[PDB]
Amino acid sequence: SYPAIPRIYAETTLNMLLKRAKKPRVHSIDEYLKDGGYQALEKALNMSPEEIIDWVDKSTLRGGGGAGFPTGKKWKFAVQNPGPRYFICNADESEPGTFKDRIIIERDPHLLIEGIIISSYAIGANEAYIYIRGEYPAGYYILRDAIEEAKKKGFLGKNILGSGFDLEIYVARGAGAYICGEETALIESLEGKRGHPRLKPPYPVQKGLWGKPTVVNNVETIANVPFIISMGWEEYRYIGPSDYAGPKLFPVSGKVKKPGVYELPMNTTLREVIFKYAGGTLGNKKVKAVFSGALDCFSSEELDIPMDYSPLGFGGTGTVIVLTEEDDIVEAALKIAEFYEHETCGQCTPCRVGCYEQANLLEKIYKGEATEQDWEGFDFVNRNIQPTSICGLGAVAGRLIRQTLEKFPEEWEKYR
């Protein structure tokens, strides 16, 4: 018995990450085993850690937590440093629009657990963590129970399946801070402190949890690992375009007919995501903008881009929030400003004051209460959140809003 979850729609053309998670219920270990689950683990334990890293490298797998960093490369960096090492699954998923990771957690937890075990083996970590946001209580209980299931079947503990490899997975919960998805703040939180990002470099792979080499990977990234071992890197790389191969998850929301999570190859276009897969727009109204979570704003002239990590690609977490022709861009920008105001950790002065002022002033603009000085101030602050920032939040808190100012000047001009 778990807390009530809304039944998010999920659809796949690849039948990999969403093979089970396309059905909105918990798939327990017996059902996972019937589908051939945990045989990739068994295969992996018969391979060298080095060989696993090599396959993951050659698969072209990239991080699903927003930056698209090559996973194998990350793991290679970690294992160049003396142990012990730690493995962390980032399940903080708190960016607006983004709900892809929870459906793996809540519906196919063993896919994630199997990937964690393989990944931990690959990097020589005997202690792994899942850090799940506090607002995912059902996912937390589901994972705790699935870990117990895995222990009882001998996939966790000491000397897993006679391999001599030991692993414990600990589940930690967040408590309301978006910034705890930033990998160094996550580590700080795991250490029992406030979620304050650390200056990088050093990257976690050099100095992470308790100062030791630590790999942080996103839920989606890790859920790919069992497929790479199962299929081999060649067949994996045959999925989608050769340079951005493999499945990707796309959480689509807002003004579409079929909001939900889509498992698609990365040669799919943004237009296809919206019209081919997500059923087109509510009321068949014209697309005005797509917000890539709280990161970017694409206009209706930019729909033909691929959902890959190329320079002209959509990139990120594949988060697609659709606004149509009647949606007020300034109102929407205010919501993005409010998010950053609520999430800056306050360590860096331009971020602390900038995220606050951006929202404060934009609220005045929206309500028709802004002076000429408020307008000029808003413009200045928007451009000056990033200086001295030590993490990506300060670097991007003004980015989406600036794009709206450039791409929808007429609507902003009306707020005069």
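Numbering starts at 1 and follows the sequence shown.
Averaged over their C-alpha atoms, the temperature factors of 192-200 and 86-94 are higher for 192-200.
For the pair 325-333 and 102-110, the record assigns the higher mean C-alpha temperature factor to 325-333. Comparing C-alpha B-factors across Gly260, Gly283, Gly134, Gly139 in the deposited entry, the largest value falls on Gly283. Taking the PDB entry at face value, the top CA B factor among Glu183, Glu338, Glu220, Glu234 belongs to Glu234. When the CA B factors of the chain's modelled residues are split into thirds, the value for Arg271 lands in the highest one. Among all modelled residues in its chain, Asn159 ranks in the middle third by Cα B-factor. Ranked by C-alpha B-factor against the other modelled residues of its chain, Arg352 falls in the lowest third.
In the deposited entry, the Cα temperature factor of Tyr178 sits in the bottom third of values across the chain's modelled residues. When the CA B factors of the chain's modelled residues are split into thirds, the value for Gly346 lands in the middle one.
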